A.B. asks: 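Got a structure here, written out as structure tokens. Questions coming.
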Amino acid sequence: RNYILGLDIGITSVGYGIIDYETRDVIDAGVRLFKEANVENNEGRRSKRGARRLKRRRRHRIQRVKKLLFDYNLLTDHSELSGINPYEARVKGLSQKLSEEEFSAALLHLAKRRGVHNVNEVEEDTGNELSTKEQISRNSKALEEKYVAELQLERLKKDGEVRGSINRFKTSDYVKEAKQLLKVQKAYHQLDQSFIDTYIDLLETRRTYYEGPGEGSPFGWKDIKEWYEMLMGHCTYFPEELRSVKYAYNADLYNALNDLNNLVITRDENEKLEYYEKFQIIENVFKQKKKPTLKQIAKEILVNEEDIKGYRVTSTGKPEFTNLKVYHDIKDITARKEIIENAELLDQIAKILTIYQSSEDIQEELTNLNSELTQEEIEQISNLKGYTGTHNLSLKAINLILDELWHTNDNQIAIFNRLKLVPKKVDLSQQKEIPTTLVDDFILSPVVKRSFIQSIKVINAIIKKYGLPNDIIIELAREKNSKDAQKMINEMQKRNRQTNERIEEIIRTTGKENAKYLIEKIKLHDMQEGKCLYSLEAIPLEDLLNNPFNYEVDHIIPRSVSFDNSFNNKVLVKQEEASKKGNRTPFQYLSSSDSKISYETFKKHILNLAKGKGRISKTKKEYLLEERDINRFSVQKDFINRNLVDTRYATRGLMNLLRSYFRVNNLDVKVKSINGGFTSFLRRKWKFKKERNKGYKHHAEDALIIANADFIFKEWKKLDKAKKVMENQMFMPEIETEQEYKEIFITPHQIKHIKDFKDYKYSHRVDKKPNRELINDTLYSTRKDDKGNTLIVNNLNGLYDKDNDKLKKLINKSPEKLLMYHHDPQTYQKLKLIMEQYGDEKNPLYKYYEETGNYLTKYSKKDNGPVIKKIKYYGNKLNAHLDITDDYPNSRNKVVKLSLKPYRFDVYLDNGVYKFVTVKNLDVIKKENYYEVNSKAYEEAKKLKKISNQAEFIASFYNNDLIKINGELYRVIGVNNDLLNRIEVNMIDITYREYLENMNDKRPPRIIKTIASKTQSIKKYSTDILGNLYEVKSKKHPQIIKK
RNA sequence: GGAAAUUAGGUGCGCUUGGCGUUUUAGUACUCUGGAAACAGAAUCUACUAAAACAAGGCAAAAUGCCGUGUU
DNA sequence: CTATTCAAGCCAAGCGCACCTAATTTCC
DNA sequence: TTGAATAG
Ligand code: NA
Ligand code: NA
Ligand code: NA
Ligand code: NA
Ligand code: NA
């Protein structure tokens, strides 16, 4: 049957709506659900990847320095340097002699923390911030007479500490100390100039951004040329050709020639510049003046500036003409004709200056050119600035039409069209379905990319199961991500409180309880300063409250063409003004004789109302002062493109992808989009539940509303004009009044089919990806009690924070948990006194320090004890963990990491009893082209679960896999507790959190199921991308994961 | 709507670093014991400094060495 | 078992290219 | 949101 497809593309969801194109009856509707592909996910990976390289290279830097000391025999395996103080050694080495153990440790400490190199350039006024820029500037003034080690030693004696925010210095500052130290220590130890050069190098040398990682990395490159070429784009007309450097000579000549060919001169002779004219212009003002003006070109062609038009212009109004960058950059230092008049050479210099990133590399590459350049010239060209970026065309494209630009008057696009050169496009004829590879090409956000890919896959599945639809209407989220979404919600709620407080203010002042039914009119009243905007006459609030029917909410721009139902297109005016106005703009109405005031008097009031705090909306201003003609089709097109349809870049890209696919394969499918503001208006007037608490079905419900919107536009012949623009087809009946507009769209009783629908499907995206986060980062120390139990040791930092009552609750509930309670009890009593004194306050340590300005100090009979920055306390008993004690030699206690992230769990049926084996991410090992589950770890866990060889393997469960526990179907979150056989799940049509809120249930919003002897039945279900359920069957547990 | 250019702003991918943070051990301080002091012993709580480890781990061999939390 | 509790690495500096938005000129 | 321990 012929149907209409509606799509609600969201951050997390894709809702589809399938309704009959004639019967208007809902065929099917459901939601596809998935994780938000927000940028922070990949950012975490890249951040961790970078962190590993830093730690690796820092270590490798040290090992090389130790190797240097080994080869010069200042360090051995027997040589001990434990009790040596680097700060004491580095200071002593600047003046006196050092031991081979004392001098070596000084060099090692320098090599470890070598400081910054790039920030050091510019000073910054200390705005009391802890930024690197301000800190470097701060230390520089303190190092005006002292070396780094001297300053650190002073801080170590005076403040008792060195490490922290203040320990940020320039690399050159450390190097300046190192040289001085090496200069003093040179005579005492047998070293050469190779030793001092090598160490200083090692101390300061770091890879550049264009050098990248070493030889092995898949993120690396072999040279600067390969590096830049892979990054740069390709030509528009020659896809196989790499783009040209932005500031090549022929590139700017191409730019300049286009400027001259676009010029129009009003004179007796030709209006377009002749060849010889452009030649003279190029030679006399373009190759002579860096920034060509309109006067110079006018003086050259012997006309006035006023006769010249069609030139590019800046925001100021000043004419903009192409600057010959390379020409003037080289001319300013070399005026030789051998170089300047060599276009090919200037091209090559431009390429080298742009591709390579350092003066030294420029010099070498320019020298390899074997041109007529002097070495003094080359070393001078290598310091030129601004050579960055690419041209959108290749040199092949530029050189091809360069003669055409000289001798003709056609610009680049005219010539390319004449030469039958069409921009690169992707063919979709060999495609059996809508591709998903092209998505990342025209996308900007990772969130949108996933939502688009899923949306396409939904469409492909729909057209496979239901056939091709005639109409596809799509809506996209207004938010770019969930963080932006919450921000919108907060702003919404804030405005709601303000308006609600405003209403309560009125009902308490006037006593009129009518105010709660006049919110929109009251909101307009305050926004218009109590004045009818069409008559500029005062609107008494008391009269508005008593007689609201005398004041009408009018639409500024008629919705028949504007399709705007928002607050921005609404004004509170007197009923007379709204009647006389009719279907016109304020401009069209106030210009007529039907009005009481002039448009100019109106325009003045609006502009002053649009300025200042609490001003009118900016969109309201553009509406109230609309001076274009409504009946013009071009004007109507702009309103539809803004308020009715969605013309955002992402939307257009996807919409073009679909239209191009259907066009190429000759498939008669009409694709369109719709603004969310209009669908919200429909949902509002069609009387849907304002509180969206039904769960995921709202996405599918929205899609049905969107699909219904498409149906309305095909039914009415007055909407045929607007419907044609939505489908973007080339080219009449129309909506004439406000009343006609309401009759068409506001049809609550005609959409009862949607609300009665109770057959929604749901599809949750299953995550089977190996090698995600294996474990939490935090390292934990352990202790053993008298019972022989191993206990986890936790830290309690930030004791002096305002809203931190962790210590307060800890002492009140379990004082014995503190390690301070057992060891050093005198300090504990000192803390208890502070705790007992501020029991009313949230954080006793906060209120204490907020008054005395002093912190809690360790007990000392001389009142000189150290400050307490954090407190250790015993946590839970150690169980599931990762033992990494071996990384710490002679450690008295275990050192562990916690939270072993589960990959999946395999359910076994063992002698009428359901059991399962938990597969951890740590248990999945990567190989060259595939991931394998550790067979030793699997059998081990299979033994720790009392699984027998007789047991029957049921199924494996990953995240968002559908599991049916005792007749109840859930979706899998993951293994919550391996030892206790507890897995966490969630509901399918809704979140369990919201499910409890609707039921007003105060229980903790987590569903934990226990797989034990009481467990009766376990079945694995699954869905397609549409949400159609089906049961599965398997023979053995999957061990090989292809990735 | 599309082509090129100028300016301003924005997004992503990738690269290069900085100073922190967690943990162990050692030293010191703090606490306890003895002593006239020196110092020794105990404790490992609190702080400071150094060295080392920091997703499990896998390559690599004198290296500005390399991979391991993303997408599909 | 249910109901409850705890806690989970972080800031700052620079660079390359790709893409997008807005404004301006020409043409297709 | 989620590993996972813990009181009852
Ligand atoms: Na490329
Ligand atoms: Na550059
Ligand atoms: Na008038
Ligand atoms: Na950027
Ligand atoms: Na807890």
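Letters A, B, ... are given to chains in the order of the sequence lines, protein chains preceding strands, and every chain is numbered from 1. Side chains are part of it too, since the values below use all heavy atoms of this structure and drop only hydrogens, waters and symmetry mates.
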A.B. asks: Tell me whether A:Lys157 forms a cation-pi arrangement with A:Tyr87, defined as NZ or CZ under 6.0 Å from the six-membered ring centre and within 45 degrees of its axis.
C.D. replies: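 So A:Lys157 doesn't make the cation-pi contact.
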A.B. asks: Using OP1 and OP2 only, check whether a side-chain N or O of A:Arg61 sits under 4.0 Å from B:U64.
C.D. replies: no
A.B. asks: Can you figure out which of B:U71, B:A3, C:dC17 approaches the side chain of A:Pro423 most closely?
C.D. replies: B:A3
A.B. asks: What's the gap between B:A38 and B:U24 when it is taken at their P atoms, as a whole Å value?
C.D. replies: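 Roughly 32 Å separates the two P atoms.
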A.B. asks: So, OP1 or OP2 of B:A5: does either fall under 4.0 Å of a side-chain N or O from A:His391?
C.D. replies: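 Looking at the OP1 and OP2 atoms of B:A5, one of them is under 4.0 Å from a side-chain N or O of A:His391.
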A.B. asks: From the list B:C45, B:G2, C:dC20, which nucleotide is the closest neighbour of the side chain of A:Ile413?
C.D. replies: B:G2
A.B. asks: Classify the side chain of A:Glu211 and the base of B:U64 as holding, or not holding, a donor-acceptor pair under 3.5 Å.
C.D. replies: yes
A.B. asks: Provide the distance between the two P atoms, one in B:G68 and one in B:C13, to the nearest whole Å.
C.D. replies: 15 Å
A.B. asks: Start at the 5' end of RNA chain B and walk down; is the nucleotide closest to A:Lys872 or to A:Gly220 reached first?
C.D. replies: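 On the 5' side of the pair lies A:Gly220.
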A.B. asks: Distance check, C1' atoms only: C:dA13 and B:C48, in whole angstrom units.
C.D. replies: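 Their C1' atoms lie roughly 29 Å apart.
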A.B. asks: With a 4.0 Å cutoff (strictly under), does any side-chain N or O of A:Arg45 reach OP1 or OP2 of B:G68?
C.D. replies: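 True: A:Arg45 side-chain N/O within range (under 4.0 Å) of B:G68 OP1/OP2.
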A.B. asks: Which of these, A:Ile1008, A:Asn986, A:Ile1007, sits in a side-chain contact (heavy atoms from CB on, under 4.5 Å) with A:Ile973?
C.D. replies: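 The residue from A:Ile1008, A:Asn986, A:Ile1007 that satisfies side-chain contact (heavy atoms from CB on, under 4.5 Å) with A:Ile973 turns out to be A:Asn986.
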A.B. asks: With sugar-phosphate meaning primed atoms plus P, OP1 and OP2, does A:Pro902 contact a base, only sugar-phosphate, or nothing at under 4.0 Å between heavy atoms?
C.D. replies: sugar-phosphate
A.B. asks: May I ask you to evaluate whether A:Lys858 reaches the phosphate of B:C45, defined as a side-chain N or O under 4.0 Å from OP1 or OP2?
C.D. replies: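 A:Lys858 to B:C45 OP1/OP2: no side-chain N or O under 4.0 Å.
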A.B. asks: When rounded to the nearest 0.5 angstrom, what is the spacing between NZ in A:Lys291 and CZ in A:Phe321?
C.D. replies: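 Between atom NZ of A:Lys291 and atom CZ of A:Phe321 there are 13.5 Å.
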A.B. asks: I would like to know whether A:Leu796 and A:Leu810 meet side chain to side chain contact (heavy atoms under 4.5 Å, CB included); could you show each step before the answer?
C.D. replies: CA-CA 10 Å; A:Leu796 210 54; A:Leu810 186 52; 3.9 Å; yes
A.B. asks: Are side-chain heavy atoms of A:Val116 and A:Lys170 found at a separation under 4.5 Å?
C.D. replies: no
A.B. asks: What do you reckon, are the aromatic ring centroids of A:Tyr828 and A:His822 less than 6.0 Å apart?
C.D. replies: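 No: the rings miss the under 6.0 Å criterion.
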A.B. asks: Ignoring hydrogens and angles, does a donor from either the side chain of A:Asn258 or the base of B:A5 sit under 3.5 Å from an acceptor on the other?
C.D. replies: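 For A:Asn258, whose side chain was compared with the base of B:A5, there is no donor-acceptor pair (under 3.5 Å).
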A.B. asks: Base, sugar-phosphate alone, or nothing: which one does A:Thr390 contact when heavy atoms must sit under 4.0 Å apart?
C.D. replies: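 If one applies the 4.0 Å heavy-atom cut-off, A:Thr390 turns out to touch the sugar-phosphate alone, with no base involved.
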A.B. asks: Verify side chain to side chain contact (heavy atoms under 4.5 Å, CB included) between A:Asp777 and A:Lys897, making sure each step is shown before the conclusion.
C.D. replies: CA-CA 7 Å; A:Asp777 301 341; A:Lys897 286 178 169 172; 5.7 Å; no
A.B. asks: Taking only the side-chain heavy atoms of A:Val119 (C-beta and beyond), determine which of C:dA13, B:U22, B:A4 contains the nearest atom.
C.D. replies: C:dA13
A.B. asks: Taking any heavy-atom pair under 4.0 Å as a contact, classify A:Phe442: base, sugar-phosphate, or nothing.
C.D. replies: nothing
A.B. asks: For B:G19 and B:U6, is it a pair or not, if I count Watson-Crick and G-U wobble only and require both distances under 3.5 Å?
C.D. replies: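 Taken together, B:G19 and B:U6 make no base pair (Watson-Crick or G-U wobble, both distances under 3.5 Å).
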A.B. asks: Mind checking if A:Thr437 touches a base, just sugar-phosphate, or nothing, with heavy atoms under 4.0 Å?
C.D. replies: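 Touches nothing.
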A.B. asks: Got a donor-acceptor pair under 3.5 Å from the side chain of A:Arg765 to the base of B:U72?
C.D. replies: no
A.B. asks: How would you summarise protein contacts on nucleotides 49-56 of chain B per nucleotide, using B for base, S for sugar-phosphate only and - for none, with heavy-atom distances below 4.0 Å?
C.D. replies: SSSSBBBB
A.B. asks: Among B:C66, B:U17, B:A63, which nucleotide has an atom closest to any side-chain atom of A:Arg64?
C.D. replies: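 That would be B:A63.
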A.B. asks: Looking at the side chain of A:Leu444, which of D:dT2, B:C45, B:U11 is the nearest nucleotide?
C.D. replies: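 Comparing D:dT2, B:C45, B:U11 against the side chain of A:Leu444, the answer is B:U11.
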A.B. asks: Under 5.5 Å between six-ring centres and under 30° between planes, true for C:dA8 and C:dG9?
C.D. replies: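 No, which means the ring centres are not under 5.5 Å apart or the planes are not under 30°.
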A.B. asks: Confirm or reject stacking between B:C54 and B:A55, applying the criteria of under 5.5 Å between six-membered ring centres and under 30° between their planes.
C.D. replies: no
A.B. asks: Determine: side-chain N/O of A:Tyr931 to OP1/OP2 of B:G58, distance under 4.0 Å, yes or no.
C.D. replies: no
A.B. asks: With respect to the side chain of A:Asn417, which nucleotide from C:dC6, C:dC28, B:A4 is positioned closest?
C.D. replies: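 Among the listed nucleotides, the one closest to the side chain of A:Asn417 is C:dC28.
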A.B. asks: Between A:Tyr780 and A:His881 (judged by ring centroids, cut-off 6.0 Å), do the two rings come close enough to count as a pair?
C.D. replies: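 No, they do not, as the ring centres are separated by 6.0 Å or more.
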A.B. asks: For RNA chain B, whose closest nucleotide is more 5', that of A:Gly50 or that of A:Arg652?
C.D. replies: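 On the 5' side of the pair lies A:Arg652.
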A.B. asks: Rounded to the nearest 0.5 Å, how far apart are CG of A:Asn118 and CZ of A:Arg206?
C.D. replies: 8.0 Å
A.B. asks: Give a yes/no on whether any side-chain N or O of A:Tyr828 is located under 4.0 angstrom from OP1 or OP2 of B:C45.
C.D. replies: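 Answer is no, no contact under 4.0 Å.
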A.B. asks: Out of B:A4, C:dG16, B:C32, which nucleotide sits closest to the side chain of A:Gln826?
C.D. replies: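 Of the candidates, B:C32 comes closest.
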A.B. asks: Is the distance from OP1 or OP2 of B:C67 to the nearest side-chain N or O of A:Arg53 less than 4.0 Å?
C.D. replies: yes
A.B. asks: Determine the interatomic distance between P on B:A47 and the same-named atom on B:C30; round to the nearest Å.
C.D. replies: 16 Å
A.B. asks: Want to settle it: does A:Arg982 or A:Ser899 sit nearer the 5' end of DNA chain D, counting the closest nucleotide to each?
C.D. replies: A:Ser899
A.B. asks: A:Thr132 side chain N/O closer than 4.0 Å to the phosphate oxygens (OP1, OP2) of B:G19?
C.D. replies: no
A.B. asks: Is the shortest side-chain N/O distance from A:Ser891 to OP1 or OP2 of B:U23 below 4.0 Å?
C.D. replies: no
A.B. asks: Can you see if the side chain of A:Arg207 gets near the phosphate of C:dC15 - specifically, an N or O under 4.0 Å from OP1 or OP2?
C.D. replies: no
A.B. asks: Side chain of A:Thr778 only, please: which of C:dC28, B:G12, B:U22 is the nearest?
C.D. replies: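 Between C:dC28, B:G12, B:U22, the one nearest the side chain of A:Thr778 would be B:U22.
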A.B. asks: Just checking: is there a Watson-Crick or G-U wobble pair between B:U25 and B:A50, both distances under 3.5 Å?
C.D. replies: yes
A.B. asks: Ignoring backbone atoms, test whether A:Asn42 places a side-chain nitrogen or oxygen under 4.0 Å from the OP1 or OP2 oxygen of B:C13.
C.D. replies: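 Yes, A:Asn42 has a side-chain N/O under 4.0 Å of OP1/OP2 on B:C13.
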A.B. asks: Tell me whether B:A26 is paired to B:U49 (Watson-Crick: purine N1 to pyrimidine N3 plus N6-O4 or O6-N4; or G-U wobble; cut-off 3.5 Å).
C.D. replies: yes
A.B. asks: Is there a side-chain polar atom (N or O) of A:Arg114 under 4.0 Å from OP1 or OP2 of B:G18?
C.D. replies: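 Checking A:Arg114 against B:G18: at least one side-chain N or O falls below 4.0 Å of OP1 or OP2.
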A.B. asks: Taking the minimum atom-to-atom distance to the side chain of A:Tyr649, which one of C:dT21, C:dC1, B:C66 wins?
C.D. replies: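 It is C:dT21.
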A.B. asks: How would you label the glycosidic angle of B:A55: syn (within 90° of 0) or anti?
C.D. replies: syn
A.B. asks: Is there a Watson-Crick or G-U wobble pair between B:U11 and B:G65, both distances under 3.5 angstrom?
C.D. replies: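 Taken together, B:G65 and B:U11 make no base pair (Watson-Crick or G-U wobble, both distances under 3.5 Å).
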A.B. asks: Categorize A:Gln412 for me: base, sugar-phosphate, or nothing, with a 4.0 angstrom heavy-atom threshold over every strand shown.
C.D. replies: base
A.B. asks: May I ask you to evaluate whether A:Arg450 reaches the phosphate of B:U72, defined as a side-chain N or O under 4.0 Å from OP1 or OP2?
C.D. replies: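 Answer is yes, contact under 4.0 Å.
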A.B. asks: Mind listing the closest non-hydrogen atom pair of A:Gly212 and A:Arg207 along with its distance?
C.D. replies: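 So the two residues come closest at O-NH1, 3.0 Å.
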A.B. asks: Does the side chain of A:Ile453 reach to within under 4.5 Å of the side chain of A:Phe34, using non-hydrogen atoms?
C.D. replies: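 Side chain of A:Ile453 against side chain of A:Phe34, heavy atoms only: no contact under 4.5 Å found.
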A.B. asks: Inspect the six-membered rings of B:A61 and B:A62 and say whether their centres lie under 5.5 Å apart and their planes under 30° apart.
C.D. replies: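 Not stacked: B:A61 and B:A62 fail the distance or angle limit.
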A.B. asks: Can you find a side chain N or O atom of A:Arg57 that sits less than 4.0 Å from OP1 or OP2 on B:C66?
C.D. replies: yes
A.B. asks: Heavy atoms only, 4.0 Å cut-off, all strands: where does A:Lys246 land among base, sugar-phosphate and nothing?
C.D. replies: sugar-phosphate
A.B. asks: Atom CD1 of A:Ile398 and atom CG of A:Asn392: how far apart are they, to the nearest 0.5 Å?
C.D. replies: 10.0 Å
